[PDB]
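Single chain ahead, by itself, as structure tokens, in the form deposited in one PDB entry.
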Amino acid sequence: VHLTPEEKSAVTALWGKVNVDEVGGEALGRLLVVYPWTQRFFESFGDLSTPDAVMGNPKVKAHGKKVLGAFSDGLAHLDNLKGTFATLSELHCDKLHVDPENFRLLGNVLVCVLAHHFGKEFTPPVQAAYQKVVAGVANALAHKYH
């Protein structure tokens, strides 16, 4: 999306220091704890009654890495998020019935997690660039909903 070069490069440099396993696990879990209604989609994962349980759930962790793995691959495609995530939108809409609003939420949690991990390095300008990526990704994921 409308990403400035200094923006494009702030995103890229930071992402190179990200442990996608830990980060996706932490993002998806926080989503389930902070916005409990998102647990509807994951009933078959097991015990999600407490934060601890959610956070210690292996299926949640493995699901987090899959999700963030795909997000990671889309960052190499910022000039075409719509085409990169097209079949994923179709699936989320037609097979999984996931409200796009959930993507927006995951996005903001993700920004909280990156902040938590990187502290000082996650500066206001670096954050503004990640808000744009995150909305762009959500928008692309919602694009084929009908």
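Numbers for residues come from their place in the sequence shown, where the first is 1.
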property	result
Residue range whose averaged C-alpha B-factor is higher in the record, 79 to 87 or 59 to 67	79 to 87
133 to 141 or 5 to 13, whichever carries the higher mean Cα B-factor	5 to 13
Residue selected from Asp52, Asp94, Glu26, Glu101 by maximal Cα B factor	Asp52
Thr38 - which third its CA temperature factor falls in, relative to the rest of the chain	lowest
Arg30, C-alpha B-factor rank within chain (lowest, middle or highest third)	lowest
